[PDB]
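This is input_2.pdb (PDB, C-alpha atoms and all ligand atoms).
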```pdb
ATOM      1  CA  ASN Q 677     -32.136 -27.224  62.929  1.00  0.00           C
ATOM      2  CA  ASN Q 678     -35.846 -27.727  62.110  1.00  0.00           C
ATOM      3  CA  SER Q 679     -36.515 -25.003  59.526  1.00  0.00           C
ATOM      4  CA  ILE Q 680     -36.685 -25.346  55.739  1.00  0.00           C
ATOM      5  CA  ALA Q 681     -37.679 -22.979  52.918  1.00  0.00           C
ATOM      6  CA  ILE Q 682     -39.700 -24.495  50.059  1.00  0.00           C
ATOM      7  CA  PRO Q 683     -40.560 -22.401  46.970  1.00  0.00           C
ATOM      8  CA  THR Q 684     -44.169 -21.851  45.928  1.00  0.00           C
ATOM      9  CA  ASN Q 685     -43.817 -20.320  42.436  1.00  0.00           C
ATOM     10  CA  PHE Q 686     -41.288 -20.091  39.625  1.00  0.00           C
ATOM     11  CA  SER Q 687     -40.128 -18.130  36.596  1.00  0.00           C
ATOM     12  CA  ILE Q 688     -38.619 -18.797  33.170  1.00  0.00           C
ATOM     13  CA  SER Q 689     -35.628 -16.683  32.147  1.00  0.00           C
ATOM     14  CA  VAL Q 690     -33.886 -16.398  28.774  1.00  0.00           C
ATOM     15  CA  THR Q 691     -30.257 -15.265  28.922  1.00  0.00           C
ATOM     16  CA  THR Q 692     -27.624 -14.491  26.296  1.00  0.00           C
ATOM     17  CA  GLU Q 693     -24.096 -15.856  25.948  1.00  0.00           C
ATOM     18  CA  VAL Q 694     -21.781 -14.452  23.259  1.00  0.00           C
ATOM     19  CA  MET Q 695     -18.632 -16.316  22.253  1.00  0.00           C
ATOM     20  CA  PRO Q 696     -16.248 -15.777  19.324  1.00  0.00           C
ATOM     21  CA  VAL Q 697     -15.497 -18.645  16.947  1.00  0.00           C
ATOM     22  CA  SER Q 698     -13.013 -17.462  14.309  1.00  0.00           C
ATOM     23  CA  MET Q 699     -10.855 -14.481  13.376  1.00  0.00           C
ATOM     24  CA  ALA Q 700      -9.835 -12.948  10.046  1.00  0.00           C
ATOM     25  CA  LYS Q 701      -7.587 -15.097   7.866  1.00  0.00           C
ATOM     26  CA  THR Q 702      -4.558 -13.125   6.679  1.00  0.00           C
ATOM     27  CA  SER Q 703      -1.842 -13.714   4.083  1.00  0.00           C
ATOM     28  CA  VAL Q 704       1.420 -11.802   3.695  1.00  0.00           C
ATOM     29  CA  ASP Q 705       3.638 -11.394   0.628  1.00  0.00           C
ATOM     30  CA  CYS Q 706       7.339 -11.065   1.456  1.00  0.00           C
ATOM     31  CA  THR Q 707       8.019  -9.178  -1.762  1.00  0.00           C
ATOM     32  CA  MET Q 708       6.122  -5.826  -2.016  1.00  0.00           C
ATOM     33  CA  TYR Q 709       6.633  -5.355   1.720  1.00  0.00           C
ATOM     34  CA  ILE Q 710      10.398  -5.755   2.171  1.00  0.00           C
ATOM     35  CA  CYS Q 711      11.471  -4.872  -1.386  1.00  0.00           C
ATOM     36  CA  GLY Q 712       9.201  -2.225  -2.878  1.00  0.00           C
ATOM     37  CA  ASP Q 713       9.081  -3.463  -6.499  1.00  0.00           C
ATOM     38  CA  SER Q 714      12.787  -2.755  -7.049  1.00  0.00           C
ATOM     39  CA  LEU Q 715      15.097  -5.135  -8.895  1.00  0.00           C
ATOM     40  CA  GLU Q 716      18.141  -4.280  -6.758  1.00  0.00           C
ATOM     41  CA  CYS Q 717      16.426  -5.383  -3.540  1.00  0.00           C
ATOM     42  CA  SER Q 718      14.970  -8.578  -5.033  1.00  0.00           C
ATOM     43  CA  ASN Q 719      18.497  -9.749  -5.904  1.00  0.00           C
ATOM     44  CA  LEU Q 720      19.457  -9.464  -2.212  1.00  0.00           C
ATOM     45  CA  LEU Q 721      16.345 -11.026  -0.651  1.00  0.00           C
ATOM     46  CA  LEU Q 722      17.223 -14.480  -2.035  1.00  0.00           C
ATOM     47  CA  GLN Q 723      19.945 -14.866   0.609  1.00  0.00           C
ATOM     48  CA  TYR Q 724      17.113 -14.624   3.160  1.00  0.00           C
ATOM     49  CA  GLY Q 725      14.947 -16.910   1.023  1.00  0.00           C
TER      50      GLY Q 725
ATOM     51  CA  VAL E 484      33.424  23.514  -0.375  1.00  0.00           C
ATOM     52  CA  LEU E 485      29.976  22.892  -1.861  1.00  0.00           C
ATOM     53  CA  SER E 486      26.834  22.245   0.188  1.00  0.00           C
ATOM     54  CA  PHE E 487      23.711  20.564  -1.189  1.00  0.00           C
ATOM     55  CA  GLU E 488      20.187  20.031   0.085  1.00  0.00           C
ATOM     56  CA  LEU E 489      17.259  18.049  -1.327  1.00  0.00           C
ATOM     57  CA  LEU E 490      13.785  19.244  -0.341  1.00  0.00           C
ATOM     58  CA  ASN E 491      10.222  19.365  -1.698  1.00  0.00           C
ATOM     59  CA  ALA E 492      11.103  22.481  -3.688  1.00  0.00           C
ATOM     60  CA  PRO E 493      11.668  23.244  -7.385  1.00  0.00           C
ATOM     61  CA  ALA E 494      15.165  22.358  -8.543  1.00  0.00           C
ATOM     62  CA  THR E 495      17.664  25.076  -9.454  1.00  0.00           C
ATOM     63  CA  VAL E 496      20.954  23.284 -10.226  1.00  0.00           C
ATOM     64  CA  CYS E 497      20.448  20.144 -12.310  1.00  0.00           C
ATOM     65  CA  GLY E 498      22.717  17.694 -14.078  1.00  0.00           C
ATOM     66  CA  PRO E 499      22.801  17.361 -17.871  1.00  0.00           C
ATOM     67  CA  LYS E 500      20.066  14.965 -18.977  1.00  0.00           C
ATOM     68  CA  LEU E 501      17.611  14.930 -21.882  1.00  0.00           C
ATOM     69  CA  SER E 502      13.930  14.388 -21.146  1.00  0.00           C
ATOM     70  CA  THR E 503      11.968  11.716 -23.019  1.00  0.00           C
ATOM     71  CA  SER E 504       8.305  11.051 -23.763  1.00  0.00           C
ATOM     72  CA  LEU E 505       5.728  10.192 -21.103  1.00  0.00           C
ATOM     73  CA  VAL E 506       4.173   6.711 -21.043  1.00  0.00           C
ATOM     74  CA  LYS E 507       1.043   6.090 -18.974  1.00  0.00           C
ATOM     75  CA  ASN E 508      -0.761   2.952 -17.744  1.00  0.00           C
ATOM     76  CA  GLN E 509       2.345   0.785 -18.162  1.00  0.00           C
ATOM     77  CA  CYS E 510       4.985  -0.755 -15.900  1.00  0.00           C
ATOM     78  CA  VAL E 511       7.971   1.569 -16.391  1.00  0.00           C
ATOM     79  CA  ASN E 512      10.877   2.941 -14.367  1.00  0.00           C
ATOM     80  CA  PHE E 513      10.913   6.729 -14.121  1.00  0.00           C
ATOM     81  CA  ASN E 514      13.350   9.537 -13.315  1.00  0.00           C
ATOM     82  CA  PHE E 515      11.929  12.811 -11.941  1.00  0.00           C
ATOM     83  CA  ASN E 516      14.799  15.209 -11.094  1.00  0.00           C
ATOM     84  CA  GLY E 517      17.010  12.371  -9.898  1.00  0.00           C
ATOM     85  CA  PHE E 518      14.240  10.416  -8.132  1.00  0.00           C
ATOM     86  CA  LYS E 519      14.464   6.951  -9.706  1.00  0.00           C
ATOM     87  CA  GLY E 520      11.920   4.237  -8.947  1.00  0.00           C
ATOM     88  CA  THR E 521       9.492   1.886 -10.674  1.00  0.00           C
ATOM     89  CA  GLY E 522       5.726   2.123 -10.999  1.00  0.00           C
ATOM     90  CA  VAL E 523       2.696   2.719 -13.184  1.00  0.00           C
ATOM     91  CA  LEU E 524       2.139   6.364 -14.117  1.00  0.00           C
ATOM     92  CA  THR E 525      -1.452   7.607 -14.275  1.00  0.00           C
ATOM     93  CA  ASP E 526      -3.101  11.013 -14.511  1.00  0.00           C
ATOM     94  CA  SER E 527      -4.102  12.297 -11.081  1.00  0.00           C
ATOM     95  CA  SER E 528      -6.807  14.639  -9.796  1.00  0.00           C
ATOM     96  CA  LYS E 529      -5.035  15.545  -6.544  1.00  0.00           C
ATOM     97  CA  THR E 530      -4.201  19.163  -5.718  1.00  0.00           C
ATOM     98  CA  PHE E 531      -0.782  20.209  -4.430  1.00  0.00           C
ATOM     99  CA  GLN E 532       0.657  23.516  -3.242  1.00  0.00           C
ATOM    100  CA  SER E 533       2.388  26.015  -5.538  1.00  0.00           C
ATOM    101  CA  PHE E 534       5.911  24.835  -4.665  1.00  0.00           C
ATOM    102  CA  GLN E 535       5.781  21.171  -3.660  1.00  0.00           C
ATOM    103  CA  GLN E 536       6.968  18.433  -6.018  1.00  0.00           C
ATOM    104  CA  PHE E 537       6.048  14.964  -4.720  1.00  0.00           C
ATOM    105  CA  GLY E 538       3.426  13.822  -2.238  1.00  0.00           C
ATOM    106  CA  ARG E 539       3.870  11.090   0.340  1.00  0.00           C
ATOM    107  CA  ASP E 540       1.817   8.212   1.719  1.00  0.00           C
ATOM    108  CA  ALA E 541       1.397   7.069   5.329  1.00  0.00           C
ATOM    109  CA  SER E 542       4.480   4.818   5.055  1.00  0.00           C
ATOM    110  CA  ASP E 543       6.751   7.533   3.536  1.00  0.00           C
ATOM    111  CA  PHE E 544       6.290   6.007   0.071  1.00  0.00           C
ATOM    112  CA  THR E 545       6.084   8.586  -2.712  1.00  0.00           C
ATOM    113  CA  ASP E 546       2.958   7.915  -4.784  1.00  0.00           C
ATOM    114  CA  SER E 547       2.301  11.259  -6.516  1.00  0.00           C
ATOM    115  CA  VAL E 548       4.877  13.380  -8.339  1.00  0.00           C
ATOM    116  CA  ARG E 549       4.770  16.499 -10.520  1.00  0.00           C
ATOM    117  CA  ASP E 550       6.596  16.438 -13.847  1.00  0.00           C
ATOM    118  CA  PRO E 551       8.777  19.572 -14.166  1.00  0.00           C
ATOM    119  CA  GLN E 552       7.826  20.201 -17.825  1.00  0.00           C
ATOM    120  CA  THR E 553       4.034  19.901 -18.076  1.00  0.00           C
ATOM    121  CA  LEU E 554       3.629  21.096 -14.444  1.00  0.00           C
ATOM    122  CA  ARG E 555       0.760  18.627 -13.997  1.00  0.00           C
ATOM    123  CA  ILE E 556       0.117  15.882 -11.430  1.00  0.00           C
ATOM    124  CA  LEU E 557       0.880  12.182 -11.914  1.00  0.00           C
ATOM    125  CA  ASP E 558       0.031   9.142  -9.791  1.00  0.00           C
ATOM    126  CA  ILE E 559       2.318   6.172  -9.117  1.00  0.00           C
ATOM    127  CA  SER E 560       0.953   2.670  -8.498  1.00  0.00           C
ATOM    128  CA  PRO E 561       2.851  -0.618  -8.084  1.00  0.00           C
ATOM    129  CA  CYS E 562       3.229  -2.938 -11.056  1.00  0.00           C
ATOM    130  CA  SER E 563       2.234  -5.997  -9.024  1.00  0.00           C
ATOM    131  CA  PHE E 564      -1.493  -5.928  -8.271  1.00  0.00           C
ATOM    132  CA  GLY E 565      -3.118  -7.856  -5.437  1.00  0.00           C
ATOM    133  CA  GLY E 566      -2.953 -11.509  -4.471  1.00  0.00           C
ATOM    134  CA  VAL E 567      -3.255 -14.306  -7.026  1.00  0.00           C
ATOM    135  CA  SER E 568      -4.027 -17.869  -5.942  1.00  0.00           C
ATOM    136  CA  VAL E 569      -3.344 -21.021  -7.963  1.00  0.00           C
ATOM    137  CA  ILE E 570      -5.606 -24.077  -7.681  1.00  0.00           C
ATOM    138  CA  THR E 571      -3.902 -27.280  -8.795  1.00  0.00           C
ATOM    139  CA  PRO E 572      -4.343 -31.031  -8.407  1.00  0.00           C
ATOM    140  CA  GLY E 573      -1.347 -33.263  -7.756  1.00  0.00           C
ATOM    141  CA  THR E 574       1.501 -33.006 -10.241  1.00  0.00           C
ATOM    142  CA  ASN E 575       1.546 -36.799 -10.613  1.00  0.00           C
ATOM    143  CA  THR E 576      -2.072 -36.640 -11.858  1.00  0.00           C
ATOM    144  CA  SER E 577      -2.213 -33.585 -14.139  1.00  0.00           C
ATOM    145  CA  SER E 578      -0.588 -30.233 -14.899  1.00  0.00           C
ATOM    146  CA  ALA E 579      -3.669 -28.070 -15.573  1.00  0.00           C
ATOM    147  CA  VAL E 580      -4.263 -25.291 -13.040  1.00  0.00           C
TER     148      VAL E 580
HETATM  149  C1  LIG Q 801     -46.998 -17.297  40.154  1.00  0.00           C
HETATM  150  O1  LIG Q 801     -46.937 -15.974  39.676  1.00  0.00           O
HETATM  151  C2  LIG Q 801     -47.701 -15.755  38.503  1.00  0.00           C
HETATM  152  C3  LIG Q 801     -47.388 -14.376  37.968  1.00  0.00           C
HETATM  153  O2  LIG Q 801     -46.007 -14.269  37.717  1.00  0.00           O
HETATM  154  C4  LIG Q 801     -49.197 -15.995  38.772  1.00  0.00           C
HETATM  155  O3  LIG Q 801     -49.885 -16.023  37.537  1.00  0.00           O
HETATM  156  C5  LIG Q 801     -51.191 -15.418  37.629  1.00  0.00           C
HETATM  157  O4  LIG Q 801     -52.166 -16.416  37.838  1.00  0.00           O
HETATM  158  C6  LIG Q 801     -53.501 -15.961  37.963  1.00  0.00           C
HETATM  159  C7  LIG Q 801     -54.373 -17.139  38.336  1.00  0.00           C
HETATM  160  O5  LIG Q 801     -53.733 -17.910  39.325  1.00  0.00           O
HETATM  161  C8  LIG Q 801     -53.923 -15.276  36.659  1.00  0.00           C
HETATM  162  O6  LIG Q 801     -55.208 -14.709  36.759  1.00  0.00           O
HETATM  163  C9  LIG Q 801     -52.944 -14.146  36.348  1.00  0.00           C
HETATM  164  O7  LIG Q 801     -53.212 -13.542  35.111  1.00  0.00           O
HETATM  165  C10 LIG Q 801     -51.504 -14.663  36.325  1.00  0.00           C
HETATM  166  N1  LIG Q 801     -50.557 -13.608  36.037  1.00  0.00           N
HETATM  167  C11 LIG Q 801     -50.283 -12.495  36.750  1.00  0.00           C
HETATM  168  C12 LIG Q 801     -49.226 -11.616  36.130  1.00  0.00           C
HETATM  169  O8  LIG Q 801     -50.811 -12.180  37.808  1.00  0.00           O
HETATM  170  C13 LIG Q 801     -49.393 -17.347  39.470  1.00  0.00           C
HETATM  171  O9  LIG Q 801     -50.682 -17.532  39.995  1.00  0.00           O
HETATM  172  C14 LIG Q 801     -48.432 -17.535  40.642  1.00  0.00           C
HETATM  173  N2  LIG Q 801     -48.596 -18.844  41.222  1.00  0.00           N
HETATM  174  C15 LIG Q 801     -48.833 -19.118  42.522  1.00  0.00           C
HETATM  175  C16 LIG Q 801     -48.932 -17.932  43.455  1.00  0.00           C
HETATM  176  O10 LIG Q 801     -48.963 -20.257  42.945  1.00  0.00           O
HETATM  177  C1  LIG Q 802      10.057  23.617 -21.482  1.00  0.00           C
HETATM  178  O1  LIG Q 802       9.484  23.953 -20.236  1.00  0.00           O
HETATM  179  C2  LIG Q 802       8.227  24.597 -20.334  1.00  0.00           C
HETATM  180  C3  LIG Q 802       7.848  25.133 -18.973  1.00  0.00           C
HETATM  181  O2  LIG Q 802       7.704  24.063 -18.070  1.00  0.00           O
HETATM  182  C4  LIG Q 802       7.213  23.609 -20.924  1.00  0.00           C
HETATM  183  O3  LIG Q 802       5.960  24.211 -21.146  1.00  0.00           O
HETATM  184  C5  LIG Q 802       7.722  23.111 -22.274  1.00  0.00           C
HETATM  185  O4  LIG Q 802       6.914  22.093 -22.799  1.00  0.00           O
HETATM  186  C6  LIG Q 802       9.149  22.570 -22.157  1.00  0.00           C
HETATM  187  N1  LIG Q 802       9.659  22.109 -23.429  1.00  0.00           N
HETATM  188  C7  LIG Q 802       9.878  22.809 -24.565  1.00  0.00           C
HETATM  189  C8  LIG Q 802      10.422  21.982 -25.703  1.00  0.00           C
HETATM  190  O5  LIG Q 802       9.673  24.006 -24.711  1.00  0.00           O
END
```

Written as structure tokens, that's how I'd like the structure from this file.
Ligand SMILES: *[C@@H]1O[C@H](CO)[C@@H](O[C@@H]2O[C@H](CO)[C@@H](O)[C@H](O)[C@H]2NC(C)=O)[C@H](O)[C@H]1NC(C)=O
Ligand SMILES: *[C@@H]1O[C@H](CO)[C@@H](O)[C@H](O)[C@H]1NC(C)=O
Amino acid sequence: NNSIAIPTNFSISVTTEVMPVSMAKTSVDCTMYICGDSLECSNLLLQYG
Amino acid sequence: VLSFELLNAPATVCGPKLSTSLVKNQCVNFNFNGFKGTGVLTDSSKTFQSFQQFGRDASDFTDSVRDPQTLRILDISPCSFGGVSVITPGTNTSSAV
């Protein structure tokens, strides 16, 4: 109840902190993934247009 | 009763059809022993076995095929090439892109 610790010296420390900000922007073409450049499939994809 | 099988082997029994000329670096639809598709035919430097006919990609998409007359190697690429973006202003202002 009558004891206290007081520092007598110090130090300077440099630390790292790594945080992500963005990811890779991606785009997807419906044709050339569902219908592989075929005319018969591209006439059926319009119903799912 | 007749039994058929279709493998990566040279064909023995074939239907009556007359071969045509070979066109390269163009968007055409081909027919190699009944395998009909659409792509750009290019000369290829890949090496096959002594019996195999068409190679395959990672997604089971045939991209190389051997013509049964020249017995050489051809490469198939899609007619559509890459992604194309269009930059436009508003249509009420102009129509130049
Ligand atoms: C705190 O600690 C540092 C070392 O980290 C001490 O710095 C020294 O100070 C003396 C003179 O006081 C110099 O001659 C030395 O070169 C310094 N560096 C080292 C590495 O010894 C400093 O004195 C300390 N402060 C205190 C005890 O009050
Ligand atoms: C017939 O097939 C052979 C062997 O594949 C080939 O060399 C030749 O060009 C083909 N055509 C004719 C007209 O002989």

Dump the neighbourhood of ligand LIG 801 (chain Q) as an NGL selection string: all residues within 8 Å, distances computed on all atoms listed in the file.
-> :Q and (684-687)

Take the selection from the previous step and output its residues with C-alpha atoms, as a compact mmCIF listing (two decimals), in the frame of the given file.
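What landed in selection29.txt:
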```
# COMPACT_ATOMS: atom_id res chain seq x y z
CA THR Q 684 -44.17 -21.85 45.93
CA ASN Q 685 -43.82 -20.32 42.44
CA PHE Q 686 -41.29 -20.09 39.62
CA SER Q 687 -40.13 -18.13 36.60
```

Pick out the residues sitting within 12 Å of region 567-574 of chain E, and hand them over as a list in words; count only C-alpha atoms, and ignore anything fewer than 4 positions along from it in its own chain.
->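 Once the nearby chain positions are removed, what remains is residues 703, 704 and 705 of chain Q; 563, 578, 579 and 580 of chain E.
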
Which chain Q residues are at most 12 Å from chain E (counting all atoms listed in the file), as a ChimeraX atom specification?
-> /Q:702-709,711-717

At what distance in Å, to one decimal, does CA of residue 547 (chain E) lie from CA of residue 525 (chain E)?
-> 9.4 Å

Rounded to one decimal place, report the CA of residue 710 (chain Q)-CA of residue 515 (chain E) distance in Å.
->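 Computing it gives 23.4 Å between the two atoms.
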
Residues within 12 Å of ligand LIG 802 (chain Q) should be enumerated using only C-alpha atoms and all ligand atoms and returned as a ChimeraX atom specification.
-> /E:493,501-504,549-555

Residues just named, written with C-alpha atoms as a short mmCIF file (atom, residue, chain, number, x, y, z; two decimals), keeping the file's coordinate frame:
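Result written to again-v1.cif:
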```cif
data_model
loop_
_atom_site.label_atom_id
_atom_site.label_comp_id
_atom_site.auth_asym_id
_atom_site.auth_seq_id
_atom_site.Cartn_x
_atom_site.Cartn_y
_atom_site.Cartn_z
CA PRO E 493 11.67 23.24 -7.38
CA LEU E 501 17.61 14.93 -21.88
CA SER E 502 13.93 14.39 -21.15
CA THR E 503 11.97 11.72 -23.02
CA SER E 504 8.30 11.05 -23.76
CA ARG E 549 4.77 16.50 -10.52
CA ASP E 550 6.60 16.44 -13.85
CA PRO E 551 8.78 19.57 -14.17
CA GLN E 552 7.83 20.20 -17.82
CA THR E 553 4.03 19.90 -18.08
CA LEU E 554 3.63 21.10 -14.44
CA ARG E 555 0.76 18.63 -14.00
#
```

Taking the point (-2.4, 20.6, -7.0) as given in the file, collect each protein or nucleic acid residue that comes within 12 Å of it, counting only C-alpha atoms, and present the set as a PDB file with C-alpha atoms, in the frame of the given file.
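out_31.pdb written:
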```pdb
ATOM      1  CA  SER E 527      -4.102  12.297 -11.081  1.00  0.00           C
ATOM      2  CA  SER E 528      -6.807  14.639  -9.796  1.00  0.00           C
ATOM      3  CA  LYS E 529      -5.035  15.545  -6.544  1.00  0.00           C
ATOM      4  CA  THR E 530      -4.201  19.163  -5.718  1.00  0.00           C
ATOM      5  CA  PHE E 531      -0.782  20.209  -4.430  1.00  0.00           C
ATOM      6  CA  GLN E 532       0.657  23.516  -3.242  1.00  0.00           C
ATOM      7  CA  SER E 533       2.388  26.015  -5.538  1.00  0.00           C
ATOM      8  CA  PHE E 534       5.911  24.835  -4.665  1.00  0.00           C
ATOM      9  CA  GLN E 535       5.781  21.171  -3.660  1.00  0.00           C
ATOM     10  CA  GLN E 536       6.968  18.433  -6.018  1.00  0.00           C
ATOM     11  CA  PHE E 537       6.048  14.964  -4.720  1.00  0.00           C
ATOM     12  CA  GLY E 538       3.426  13.822  -2.238  1.00  0.00           C
ATOM     13  CA  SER E 547       2.301  11.259  -6.516  1.00  0.00           C
ATOM     14  CA  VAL E 548       4.877  13.380  -8.339  1.00  0.00           C
ATOM     15  CA  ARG E 549       4.770  16.499 -10.520  1.00  0.00           C
ATOM     16  CA  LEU E 554       3.629  21.096 -14.444  1.00  0.00           C
ATOM     17  CA  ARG E 555       0.760  18.627 -13.997  1.00  0.00           C
ATOM     18  CA  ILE E 556       0.117  15.882 -11.430  1.00  0.00           C
ATOM     19  CA  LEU E 557       0.880  12.182 -11.914  1.00  0.00           C
TER      20      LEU E 557
END
```

May I ask for the distance between CA of residue 558 (chain E) and CA of residue 513 (chain E), given in Å to one decimal place?
-> 12.0 Å

Could you write out as AutoDock Vina command-line options the box around region 694-711 of chain Q (axis-aligned, all atoms listed in the file, 5 Å on each side), with centre and edge lengths in Å to one decimal?
```
--center_x -5.2 --center_y -11.8 --center_z 10.6 --size_x 43.3 --size_y 23.8 --size_z 35.3
```

Residue 506 (chain E) environment, 9 Å, only C-alpha atoms, sequence neighbours closer than 2 positions dropped, as a ChimeraX atom specification | /E:504,508-509,511,523-525

Apply the PyMOL selection byres (((chain E and resi 516) around 9) and not hetatm) to the displayed file and report the matching residues as JSON, numbers by chain.
-> {"E": [494, 497, 498, 514, 515, 517, 518, 519, 550, 551]}
